[PDB]
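Have a look below at one chain only, the form deposited in one PDB entry, in structure tokens format.
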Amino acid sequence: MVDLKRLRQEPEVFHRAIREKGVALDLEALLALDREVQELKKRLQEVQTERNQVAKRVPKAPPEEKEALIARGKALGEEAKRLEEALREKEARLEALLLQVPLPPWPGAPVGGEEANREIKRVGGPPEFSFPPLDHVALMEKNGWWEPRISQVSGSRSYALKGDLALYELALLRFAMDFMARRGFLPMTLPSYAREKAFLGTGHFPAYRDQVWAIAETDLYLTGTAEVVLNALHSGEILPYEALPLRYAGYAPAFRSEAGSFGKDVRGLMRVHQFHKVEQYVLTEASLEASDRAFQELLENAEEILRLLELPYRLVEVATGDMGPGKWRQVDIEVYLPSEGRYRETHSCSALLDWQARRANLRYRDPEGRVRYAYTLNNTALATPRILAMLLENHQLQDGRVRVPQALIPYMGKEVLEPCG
């Protein structure tokens, strides 16, 4: 959600954002409807002022006028009722249009679609094996960690791990939580479902609604990320300035429909319906300086996690057309997956300024007493099992076993993962 007052006064700023982000939105029709709504409000307020007048002047009034004054206030009520209905319809349509308005991206973001995504940093590189390397699926098959029977049970885009790799998945999640905890972030375990209000607050609705699984015969939807829950926690609250910034490390199972992924990542751990993810969520004051600081921290935290996992990664600056309607800036972190001979996303670091805060009604009281919309940020801490794909391939041994990075030995109690069958 953008500032409506700012939208009226700098509309070309938002029209340029619409184009660069590929949003299908008629900004002029939006501005036309807004002017209708504002006019109709003025009318309603005119009737409501008379309503309140007449109501105040009925009690102490001469009986000879009493009848006429009550009948007059009754007609005022019937007209306000007619205006409220007209205003209710128009504001509904204006809401649907306003939920599509994108936030203008930061100038440094490449303008274009996915093609314009541009690498900015690279740490470590493709490993050089003195043996023919195996893909992660094959490694799991060799070590007996893969349960292919799960597709018969649960359908495509499902997975089930066996043996040490199952314990490895749960260790990776705790490894990420412990890391985030000792970086100042408050750990939280959260549910994986919420009502529509929460998806509207983050921006997942309406733009990404087909990516969400709904729970039938309920008003609930399965969340694809703990961001949905963490962002909705403080809706309608006016937080104190001294509480800021809020740094949350929320773990929750994730569910994703993966609509429109027909033909992409059909086999493996890369693109499944249900996974595990530890989320970084930051709520800070309405300051570019503070947002830039939190953004850098979220990136560094994710990078450090990958450094401890001993994985070669790269940062990618995401282009306007691949960035999302609400994003000021987005930087993806990609880890190299040899079997695909290319880097694959593992994290997505996003600054959204007040765009989510204006949807979820996230506000704080600054030191001077002014209530202002906060700025929100989020980034992956660690998500399984996609990360396991890189871990298996980058840490495979000659004999087909998989090493465990130094930082994970205390969690697993072994230096090399033991096979099952």
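Sequential numbering from 1, following the sequence displayed.
There is another form of the same protein, the form deposited in another entry; it is not shown, and what comes next is about it.
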{"item": "Residue marking the hinge between the shown form and the other one [rigid parts; choose from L190, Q53, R93, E334]", "value": "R93"}
{"item": "Cα distance between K264 and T223, which in that other deposited form differs by 3 Å or more from this form, closer or farther", "value": "farther"}
{"item": "Direction of the Cα shift between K264 and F255 in that other deposited form, where the change is 3 Å or more", "value": "farther"}
